[PDB]
Amino acid sequence: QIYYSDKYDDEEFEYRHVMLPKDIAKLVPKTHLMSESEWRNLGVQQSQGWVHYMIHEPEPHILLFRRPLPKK
Amino acid sequence: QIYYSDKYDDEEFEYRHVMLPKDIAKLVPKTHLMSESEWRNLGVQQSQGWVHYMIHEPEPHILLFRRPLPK
């Protein structure tokens, strides 16, 4: 049910969004960004270095992650 | 766009499946499994080791991948 998209990085970070089933959208905190412990609890499994950095307003069931692009 | 499911695994293999936009699902061959060269050409980006192991006719937009449990 949980789907991870392809990654897409820029000259600094590496992004990737996760698509949570809308049935679970209510379990996603609305006023604060999640911490690894939190998003890991919704069932999101991924590299520890992924950081929830922003809320996708239009579609809050779509979590927005990103991680530091090595070397610079 | 292309989406990758979560992973599960039996005793020997670690399974996962890719969901392709109906647009590219047109290009998914119906007569044979795809080689790494083939799926990568579609856009499916994954580490080597993951192999298109089974054809799923009822849903041409869902590619079933597999990998041997890491050594």
Karplus 3J(HN,Hα) series, Hz, for the range A:42-49 with 6.51 cos²θ - 1.76 cosθ + 1.60 (x for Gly, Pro): 6, x, 6, 10, 5, 3, 3, x
Relative contact order computed over chain A (Cα-Cα under 8 Å; 6+ residues apart), in percent: 37 percent
Label-point gap, in nm, between residue B:54 and residue B:19 - each point 7 angstrom along Cα→Cβ: 1.8 nm
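Of the listed pairs A:22/B:7; A:26/B:26; A:7/B:30; B:7/B:71; A:7/B:22; A:71/B:71, which have alpha-carbon separations greater than 24 Å here?
On the way: A:22/B:7 20 Å; A:26/B:26 35 Å; A:7/B:30 28 Å; B:7/B:71 17 Å; A:7/B:22 20 Å; A:71/B:71 29 Å.
From the list (A:22/B:7; A:26/B:26; A:7/B:30; B:7/B:71; A:7/B:22; A:71/B:71), the Cα-Cα distance tops 24 Å for A:26/B:26; A:7/B:30; A:71/B:71.
Computed over the Cα atoms of the protein assembly as shown, what is the convex hull's projected area averaged over all directions, in nm²?
That works out to 10.8 nm², a quarter of the Cα hull's surface.
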Projected-area mean, chain A, by convex hull of Cα positions, square nanometres: 5.0 nm²
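Every read-out reported here was derived from the displayed coordinates using simple, explicitly stated rules and does not represent laboratory data. Methodologically, a virtual Cβ is constructed for each residue, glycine included, from the backbone with ideal geometry; neighbour enumeration extends over all protein chains shown.
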